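Every read-out reported here was derived from the displayed coordinates using simple, explicitly stated rules and does not represent laboratory data. Every residue, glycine as well, gets a Cβ built from its backbone with ideal geometry; the counts of neighbours run over all protein chains shown.
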Amino acid sequence: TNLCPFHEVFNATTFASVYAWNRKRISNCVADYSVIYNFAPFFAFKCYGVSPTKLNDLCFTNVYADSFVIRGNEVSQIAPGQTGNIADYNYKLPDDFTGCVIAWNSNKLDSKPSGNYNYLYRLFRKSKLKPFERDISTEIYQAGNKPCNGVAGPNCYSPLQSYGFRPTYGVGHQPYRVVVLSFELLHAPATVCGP
Amino acid sequence: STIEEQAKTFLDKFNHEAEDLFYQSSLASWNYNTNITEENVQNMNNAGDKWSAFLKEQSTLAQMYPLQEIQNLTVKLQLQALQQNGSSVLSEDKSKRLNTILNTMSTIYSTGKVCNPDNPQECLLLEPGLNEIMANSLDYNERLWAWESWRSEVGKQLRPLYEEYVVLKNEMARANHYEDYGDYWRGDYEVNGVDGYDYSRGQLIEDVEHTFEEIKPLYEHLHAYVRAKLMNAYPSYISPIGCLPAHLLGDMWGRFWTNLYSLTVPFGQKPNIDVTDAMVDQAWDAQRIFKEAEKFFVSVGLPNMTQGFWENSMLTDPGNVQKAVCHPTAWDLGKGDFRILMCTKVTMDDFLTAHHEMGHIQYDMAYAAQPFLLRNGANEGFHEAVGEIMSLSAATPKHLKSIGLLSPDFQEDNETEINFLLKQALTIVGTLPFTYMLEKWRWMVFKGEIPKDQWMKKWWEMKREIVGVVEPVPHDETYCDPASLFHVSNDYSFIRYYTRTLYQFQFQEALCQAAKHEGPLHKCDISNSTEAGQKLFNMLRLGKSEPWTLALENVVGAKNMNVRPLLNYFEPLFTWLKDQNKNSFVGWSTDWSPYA
Amino acid sequence: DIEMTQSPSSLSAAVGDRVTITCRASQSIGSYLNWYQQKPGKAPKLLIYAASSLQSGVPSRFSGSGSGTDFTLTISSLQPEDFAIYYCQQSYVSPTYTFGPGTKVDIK
Amino acid sequence: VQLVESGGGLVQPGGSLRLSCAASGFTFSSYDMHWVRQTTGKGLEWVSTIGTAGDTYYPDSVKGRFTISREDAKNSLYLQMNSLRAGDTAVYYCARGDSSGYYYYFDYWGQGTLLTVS
Ligand SMILES: *[C@@H]1O[C@H](CO[C@@H]2O[C@@H](C)[C@@H](O)[C@@H](O)[C@@H]2O)[C@@H](O[C@@H]2O[C@H](CO)[C@@H](O)[C@H](O)[C@H]2NC(C)=O)[C@H](O)[C@H]1NC(C)=O
Ligand SMILES: *[C@@H]1O[C@H](CO)[C@@H](O[C@@H]2O[C@H](CO)[C@@H](O)[C@H](O)[C@H]2NC(C)=O)[C@H](O)[C@H]1NC(C)=O
Ligand SMILES: *[C@@H]1O[C@H](CO)[C@@H](O)[C@H](O)[C@H]1NC(C)=O
Ligand SMILES: *[C@@H]1O[C@H](CO)[C@@H](O)[C@H](O)[C@H]1NC(C)=O
Ligand SMILES: *[C@@H]1O[C@H](CO)[C@@H](O)[C@H](O)[C@H]1NC(C)=O
Ligand SMILES: *[C@@H]1O[C@H](CO)[C@@H](O)[C@H](O)[C@H]1NC(C)=O
Ligand SMILES: *[C@@H]1O[C@H](CO)[C@@H](O)[C@H](O)[C@H]1NC(C)=O
Ligand SMILES: [Zn+2]
């Protein structure tokens, strides 16, 4: 085994925003999901298509790990066939998903008494999101029939809004770090898997 | 695009920029109520200023979306909340004058001083002092002196600046396309659009005057009993034929009749239920009280309270190191933050207060998922009702015997249980005519059908035909008797109390009927009844998203407000009163006047 | 959770007839659904996995057909040794697998 | 292959039991075990899951209340129940899980045991 990074995605000092979310293409070693079951209690462990118990023995061509921070009540939105603010505008999951979703609370690390406004998410967009494709933009979203020429104001809003996490928030409004694992196969010979 | 979707994109941005600016202000207010310092005041003021500026900007911006072109009955309510101009249509030179008048009223009421017509080194203010002398005193002349003195100095210097207040607020009401300023206040009892559930503003002017007709017998018999039992306390001061003096009701204005209990006890041989000694014997503390109340709430079906509640909420007075305002308050800071501020002492009164306050936190928790503008009670009389019900069930002897506060025999004799219904009738029944009187007078003084010169000719005329109270000494026109009250001096709608008393007992009867309770209604403990909790939760979750008619129907099954549950709850008391009023006189004449 | 519903509530047939029971899901589940038999007085037994595959041991008279959301289980010939309750359960969402309310097959 | 349950009885509310399931005829070190309960009307319901390498899974209902553990010394699976409520009255079965690839199922259930509260 070469220990291709799983202790880096979960132990990163700084995560990404909802509309950014870092995508890591991990297929380089023998998978060691034993550490996944450890590292604090999990608010959710909802592997789809594959039983969580019988991981650690299955040959996967390419693993995709996506990480971002959201609030608690939106954690249930990271699932196939779900409609919501995060699903329709920030992060979309296909209906034929084969992977896992792991969420854990991060009030101690990702919250400040004054407020953490470094985390952003999109709220308004002309059209919805196709599965697994990003959109980073700052153009003013036209809400009427008068072009604003890139100037905020009436019927012309900025698409990104900040969270503002504070330690005294409730469970549903607390920061939650989410790692989603996506699996797929290709015609290339399988080499990235255990003995 | 369409105007239908140009309002959703505005409220979606509003609901995210409002929560953050409301939480900051709420946290600042909590910090100021924990420490009373100088930095805390500045932080609170800054947060409040930012919140007010944001609300004003959004109210000015939101006017571009006409009401007639929008139809969902959910966005429309939020637009109604946001599009209210308020005190902004008036000229800039009039809003400042109105605010100055309001601040002058607040300062005049707060800084009260009678000083007694004697050595001016002995000055007694209202709280404490005047409230104490009206609560635990038996003298006639002293009570009359205090009653006249409070409304002499304060009342004279409060009426001349009340007329301009009325004129300016009526002008603002006309500017907001309303009829009067009273019609403005009867606006939270208005619903349009949903067929079969409409309730016009004027229809309230019927219901309050339709449900009050059949409360007249019970209150008349209670009034007769109180007068008979006060005959001996003040022998040559009250006549059996009619009304009673307003300075002998144990309260400064006669809002509550609780303090007369010690003078009107049914049977003084045996005491009332008081678990105060048991708290000391079993070493009770604040945390135990709150855990017991939480267990009571869980036994019905409602959930626990969050871990943040037990750690971020102060439950005992810190002491001399800090300065805290000891006043039981339930705080819904938003974003999952619920707290309770109360200086707890071992007493049954605090035991029940832990229950009214925990009710508001549960009712606040119920509608936490609704939009920001709809996160409130369906009307103004639903939050203090889903809170006074729990207290009733907690006070029940069965609940106290099921947790270990009384010796487990405690024969529930009818000799004693009638001592508990009368005490609650001295606070719940004795306030409804007062509220109806005050609200009616305020409504028809805003209406314009009571001239300026007849402001105080009609105030004491209503209190003779609706309530049984009469002035001790003549009051000329220059006085202002209502202005002495906290609510008249400031700006607070006062009819919410009536509409509450009449909702809490409806909800209690519905819950007890759902709990398969057999027997009298006052012996009803809704504990260990999941169906009652579910029935209550179906209403607590709605909030303002749906008309209060449907919310009331979800639990009661009646379209509108009713008083029959209230009369059923007091049926044994009413029967006893009938039994013991056979030799007395029931009813009051117009007046003989304490002055002659 | 993904609810599962079954139709019909009850079914009556004689020996040799063909009986079909349909199972409906709330969300798309692909081919992740399995079939169980609950002969009274005993424990449930696996009949068909992968919504089409025939488990080793069960008679071939049982057939599972479906793809997507709505699935069907059909017994071509009914026999007296079939009075039981049949359940459809999901495998797409783990480990919170949820069962259906079962079906009544009264032999008469 | 056989699975035998034990631990049935009556308990007052707030009590605790330690139910056991003994499996024979195969290798316990490979397959994974599940506890599934059945009530009249509500139907079968998954209660607990244990796998090969020290992982435990519970529903939202029975969370922080069940402590499933296994010992491979004598091929026995244990389940400890505390703070039992009135809704835990059911018949409990211990089942074995297996997959022919991506598709997972329960192979064998056994006999079961009864639990009731008063
Ligand atoms: C509310 O119920 C609890 C629990 O009682 C159980 O549930 C009931 C629905 C019923 O089925 C009872 O038979 C059950 O035992 C009561 O708590 C118990 O009260 C009894 C009083 O005889 C006491 O002996 C037990 O120790 C209590 N158990 C505890 C505290 O865990 C409670 O008294 C009921 N509340 C009432 C009656 O107001
Ligand atoms: C709130 O006040 C604004 C003005 O400050 C009102 O807007 C005007 O409404 C009148 C009514 O017909 C129009 O003629 C004007 O064109 C509007 N704009 C201005 C700048 O005057 C608004 O109608 C008021 N809202 C309510 C509910 O009364
Ligand atoms: C994560 O990083 C911290 C800090 O170095 C370390 O103490 C901890 O052991 C790491 N976690 C894991 C699972 O390695
Ligand atoms: C509130 O009072 C406590 C009492 O010691 C003090 O420690 C704390 O700093 C005060 N809070 C603020 C914001 O000053
Ligand atoms: C009203 O708005 C809500 C909020 O999204 C929406 O769900 C509902 O469908 C709307 N009403 C109608 C009739 O479309
Ligand atoms: C509520 O809290 C008590 C004690 O903390 C606990 O026993 C009970 O299970 C809790 N209720 C729920 C529904 O979790
Ligand atoms: C209470 O019950 C007794 C028992 O018969 C009865 O005599 C009495 O009239 C009842 N009422 C009062 C007020 O004592
Ligand atoms: Zn209150």
Quiz prompt | Computed over the stretch B:182-256, Kirkwood Rh from alpha-carbon pairs, angstrom | solution = 15.8 Å
Quiz item: Debye sum, Cα scatterers, the stretch D:2-117, no solvent: what log₁₀ I/I(0) at q = 0.11, 0.21 1/Å?
Solution: -0.34, -1.26
Exercise. Specify which residue in the list C:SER63, C:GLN90, C:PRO80 is farthest towards the positive end of the charge dipole of the stretch C:4-107, using unit charges on the beta carbon of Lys, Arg (+1) and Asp, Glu (-1), about the Cα centre.
Key: C:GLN90
Quiz item: In nm, to one decimal, how far is the modelled label at A:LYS146 from the one at B:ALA53, with both set 7 Å along Cα→Cβ?
Solution: 2.4 nm
Exercise. Equivalent ellipsoid semi-axes for the stretch B:126-197, as square roots of 5 times the alpha carbon gyration tensor eigenvalues: give them largest first, rounded to whole Å.
Key: 40, 20, 8
Quiz item: Where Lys and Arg each count +1 and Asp and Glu each count -1, what net charge lies around B:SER299 among other residues with Cβ under 15 Å from its Cβ?
Solution: +1
Quiz prompt | Alpha carbon convex hull of the stretch A:11-107, projected area averaged over orientations, nm² | solution = 6.8 nm²
Practice problem: Calculate how large, on average over all directions, the projected area of the Cα convex hull of chain B is; give the answer in nm² to one decimal. | Solution: 29.8 nm²
Self-check item: Rg and Dmax [Cα atoms of the stretch B:1-56; Å; Rg one decimal, Dmax integer]
Solution: 15.4, 53
Quiz prompt | Relative contact order [Cα under 8 Å, 6+ residues apart], the stretch A:20-116, whole percent | solution = 39 percent
Practice problem: Pop the C-beta distance of C:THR22 and D:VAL1 into the FRET formula with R0 = 35 Å and round what comes out to the nearest 0.05. | Solution: 0.65
Quiz item: For B:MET462 and A:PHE42, FRET efficiency with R0 = 45 Å and r from the beta-carbon atoms, rounded to 0.05?
Solution: 0.10
Practice problem: Just the number, please: Stokes-Einstein D of the protein assembly as shown in µm²/s, Kirkwood Rh from C-alpha pairs, 10 °C, 1.306 mPa s. | Solution: 47 µm²/s
Quiz prompt | Helix-derived mean residue ellipticity, 222 nm - over the protein assembly as shown, DSSP H n ≥ 4, -39500 (n - 2.57), to 500 | solution = -10000 deg cm²/dmol
Self-check item: the stretch B:323-413: mean projected area of Cα convex hull, nm²
Solution: 8.1 nm²
Quiz item: Can you tell which of B:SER493, B:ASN554, B:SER527 lies farthest toward the positive end of the dipole of the stretch B:491-571, using +1 and -1 charges on the Cβ of basic and acidic side chains (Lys, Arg; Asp, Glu)?
Solution: B:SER493
Quiz item: Can you give the three extents of the C-alpha atoms in the stretch B:368-419 along their principal axes, from longest to shortest, in whole Å?
Solution: 51, 23, 9
Quiz item: For B:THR37 and A:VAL35, what does the FRET efficiency come to when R0 = 56 Å and r is the distance between their Cβ atoms, rounded to the nearest 0.05?
Solution: 0.70
Practice problem: Sort the following peptides by mean Cβ neighbour count (other Cβ atoms within 10 Å, averaged over residues), highest first: B:410-418, B:518-526. | Solution: B:518-526, B:410-418
Self-check item: Burial ordering of B:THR344, A:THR83, fewest other beta-carbon atoms within 10 Å first
Solution: A:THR83, B:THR344
Practice problem: Please state, as a whole number in µm²/s, the translational diffusion coefficient that the Stokes-Einstein equation yields for the stretch B:254-398 at 20 °C and 1.002 mPa s, with Rh defined as the Kirkwood radius across alpha carbon pairs. | Solution: 125 µm²/s
Quiz item: What is the set of long-range amide H partners of D:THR49 at a cut-off below 5 Å, with H atoms built 1.01 Å from backbone N?
Solution: D:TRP35, D:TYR57
Exercise. Per residue, how big is the convex hull around the C-alpha atoms of chain A? Give it to me in cubic angstrom, could you?
Key: 142 Å³
Quiz item: Per residue Cα convex hull volume for the stretch C:50-100, in cubic angstrom?
Solution: 103 Å³
Practice problem: Evaluate the charge dipole of chain C about its Cα centre and quote only its size in Debye, nearest 20, assuming +1 on the Cβ of each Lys and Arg and -1 on the Cβ of each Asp and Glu. | Solution: 220 debye
Quiz item: Residue-wise, which Karplus ³J(HN,Hα) couplings in Hz belong to the stretch A:25-42, taking 6.51 cos²θ - 1.76 cosθ + 1.60, θ = phi - 60°, and x for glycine or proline?
Solution: 8, 9, 8, 9, 8, 8, 5, 9, 4, 4, 5, 5, 5, 8, 6, 6, x, 10
Exercise. For chain B, build the charge dipole from Cβ charges (+1 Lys, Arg; -1 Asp, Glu) around the Cα centre, then report which of B:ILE101, B:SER137, B:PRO472 sits farthest towards its positive end.
Key: B:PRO472
Practice problem: For the stretch C:4-21, just list the computed ³J(HN,Hα) in residue order, Karplus coefficients 6.51, -1.76 and 1.60, θ = phi - 60°, integers in Hz, with x standing in for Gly and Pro. | Solution: 9, 10, 10, 9, x, 5, 9, 9, 10, 7, 9, 6, x, 7, 10, 10, 10, 10
Self-check item: Residues with amide H under 5 Å from that of D:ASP32, placed H, sequence gap 5 or more
Solution: D:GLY97
Quiz prompt | Distance between modelled label sites at B:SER402 and B:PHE585, nm, 7 Å Cα→Cβ extension | solution = 4.8 nm
Practice problem: Could you size up the charge dipole of the stretch B:6-144 around its Cα centre, putting +1 on the beta carbon of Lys and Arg and -1 on that of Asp and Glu, and report it in debye to the nearest 20? | Solution: 640 debye
Quiz item: Taking every pair of alpha-carbon atoms in the stretch B:234-276, what share in percent sits in each 5 Å bin, from 0 to the bin with the longest distance?
Solution: 5, 16, 19, 23, 17, 10, 6, 3, 0
Quiz item: Could you name the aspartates and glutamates in cross-link range of B:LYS156, using Cα to Cα under 16 Å and dropping any fewer than eight places away on the same chain?
Solution: B:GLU148, B:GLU164, B:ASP453, B:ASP476, B:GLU477, B:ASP481
Quiz item: Beyond 16 Å, what percent of the Cα pairs of the stretch C:4-107 remain?
Solution: 54 percent
Quiz item: With θ set to phi - 60° and the Karplus curve 6.51 cos²θ - 1.76 cosθ + 1.60, what are the ³J(HN,Hα) couplings of the stretch C:41-58 in order, to the nearest whole Hz, using x for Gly and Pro?
Solution: x, 9, 9, x, 10, 6, 10, 9, 10, 6, 6, 9, 7, 9, 5, 5, x, 6
Quiz item: In a Debye calculation with equal point scatterers on the alpha-carbon sites of the stretch B:466-596 and no solvent, what is log10 I(q)/I(0) at q = 0.19 Å⁻¹?
Solution: -1.12
